[PDB]
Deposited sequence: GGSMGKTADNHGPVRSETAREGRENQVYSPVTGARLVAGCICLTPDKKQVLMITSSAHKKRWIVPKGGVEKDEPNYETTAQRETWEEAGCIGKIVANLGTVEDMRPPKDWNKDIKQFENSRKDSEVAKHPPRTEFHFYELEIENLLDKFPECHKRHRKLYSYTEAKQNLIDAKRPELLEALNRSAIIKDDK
């Protein structure tokens, strides 16, 4: 396909965004396409031509969440551990939300909502995605 893999581990290379309000009190979440009651964050597979992970992250944040903003931090990598090597290596960025658009590519396939840190953390546990929670915890979100 168009997907890129680690030459070392064969992990699927993915990038996405922890999208925060300017006041850093809320994070943007979306429902999963697979599990429609589970709330996650925007991310997706790096494609063959893309020159950096920021490109992939901002493309997926537009496609999946209708969100435009400014990358303000590199949150490093997290690895997903497919239980009984990693098959996913995620590259996360912190984005400062500049606009949320009513219409975007996946707007009929997903719901979208801003959550406080407490609500977001319970969502990601509920979704069984501790690696996305790892990325959220590295962001400048207010954890009060």
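In this entry, the deposited residues absent from the coordinate set span 1 to 23, 108 to 129, 190 to 191.
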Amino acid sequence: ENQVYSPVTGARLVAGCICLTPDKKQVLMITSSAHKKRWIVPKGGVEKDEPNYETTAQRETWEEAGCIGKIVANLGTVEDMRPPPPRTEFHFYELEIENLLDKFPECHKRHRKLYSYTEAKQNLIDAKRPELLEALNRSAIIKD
From here on, numbers count along this sequence of modelled residues.
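Rigid core (definition): largest C-alpha set, two forms, superposition within 1.5 Å.
Stretch 74 to 82 is the one, of 74 to 82 and 112 to 120, whose CA positions lie farther from the shown form in 7 other deposited structures of this protein once all structures are superposed by the rigid core.
For the segment pair 2 to 10 and 134 to 142, the entry gives 2 to 10 the higher mean B-factor, averaged over Cα atoms. Stretches 46 to 54 and 63 to 71 differ in mean C-alpha B factor, with the higher average recorded for 46 to 54. Per the deposited record, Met81 carries the highest C-alpha B-factor of all listed residues (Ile40, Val27, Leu95, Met81). For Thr77, the recorded CA temperature factor ranks within the lowest third of the chain's modelled residues.
Sort the chain's modelled residues by C-alpha temperature factor and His91 lands in the lowest third, per the entry.
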